[PDB]
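The form deposited in one PDB entry is given below as one chain in structure tokens.
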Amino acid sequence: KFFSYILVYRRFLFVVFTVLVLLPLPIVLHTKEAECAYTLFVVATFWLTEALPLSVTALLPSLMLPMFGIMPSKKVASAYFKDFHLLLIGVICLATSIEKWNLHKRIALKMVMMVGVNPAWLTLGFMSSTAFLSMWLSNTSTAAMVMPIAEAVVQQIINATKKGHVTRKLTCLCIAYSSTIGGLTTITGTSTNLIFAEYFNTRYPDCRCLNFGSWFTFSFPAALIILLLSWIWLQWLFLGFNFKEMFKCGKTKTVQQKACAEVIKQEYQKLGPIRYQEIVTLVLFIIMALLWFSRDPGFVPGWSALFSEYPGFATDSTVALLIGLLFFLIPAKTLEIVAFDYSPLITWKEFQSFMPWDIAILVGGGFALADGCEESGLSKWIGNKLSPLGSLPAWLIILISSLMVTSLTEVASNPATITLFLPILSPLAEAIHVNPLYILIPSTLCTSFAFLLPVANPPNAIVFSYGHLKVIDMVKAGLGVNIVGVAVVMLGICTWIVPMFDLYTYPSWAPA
């Protein structure tokens, strides 16, 4: 009966065993580096294994670093909140306004009406729309908004079962992948890009090459190539390739295709005419995008010139918060008195939901762990021990680092992997006498390449929650898309990334 008892309480016993077996490392080394390494190993073990919720393991550093004497609790608490959180609040307000008034339904239905009911073109339409939507919103929020809509659309198309099951698997997987693919494009698209940008700006304040325009101009071609290749791979793997009737215009449509078009048109008509709340939300979203462009792109710094007395004070989070708080003020619904006043188009009770407080805590914990790693001296020791590896040719170092980051991001969340690997790859970066961007950009791009397992990133879990998918087919599709993404990233780094960032030579802003 002991075996049953130890098997049932696996998580608690594993937590205790992990805490105890690694305890000799700080018990006998008498160094701050050993204690920080113990904290890092415990946190990474609980993130990869998922013995505890990710937010609890994120709160562990604020519990472990002060007691080890590495850094005061005030400093850790300050590190638990950063600029990324303000931008997250603004974007979450925008996404709540979009979801609440069914703007995404209108966009998706107009998209489906424009594209058609041809399954290959239809899946391409969902991938493009989800990528464009995730270009500004977070990948998790974008997937959560788009998955129910596309699921209902494909169910309606099928109704008007092996083929339908394959089609719904394909649409689920393409939504899950396209969310991340679109998130790659911009700094604000996903949390991983934000973490990388914050870390790069803090560690190298001198460097200023990472702007929104530069990030878009070196990420959009690669992301577009990966999107097209992933669409082709998915439609070949699941639906099968029938180009003869695909590219040729089917003017004489079959009865079932025209029935599907008619039922989609009926659904759109049932959705109703565009309302004023949706117009206000769309206008505010467009203003957000235009002002994110408007900060210094290198052509005309329209927004940054007005504030050319205090540079760096106002950032993308400032405009994000501006529009998000505007969403808290514009009247939407008036009101036999019926409470007199209006409704602010977003109530704080609605923003309390739709808001990833767990993700905020997780990112704060990762930032606190990274800061403790820098302060305790662990990063310097890792760089010193990894210095002899610098004699090896650089391109293989980038290849290996990207491969390890990709492999370890299937089991750990993207913020977890990026927060674990930035303080390891950076000291390696200036230990070799190589440009830090040359190693960091491929790693932060490949961190998002998490497609094998539903627990890899939240979008995959959200998509898998519908039950149409199976783990093995998801593994096949993830392997294909991951190979495509890694190949495209390597091709970009070799060919067109280096002309603009001058990655071949060592930069001035990097330490000597």
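Residue indices: 1-based, along the sequence shown.
In what follows, reference is made to the form deposited in another entry, a form of this protein that is not presented.
When one rigid part swings against the other between the shown form and the other one, the hinge lies at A259 among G69, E374, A259, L59. In comparison with the shown form, the Cα-Cα distance of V91 and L440 increases by at least 3 angstroms in the other entry. Note: the CA-CA distance for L137 and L290 contracts in the other entry relative to this form, by 3 angstroms or more.
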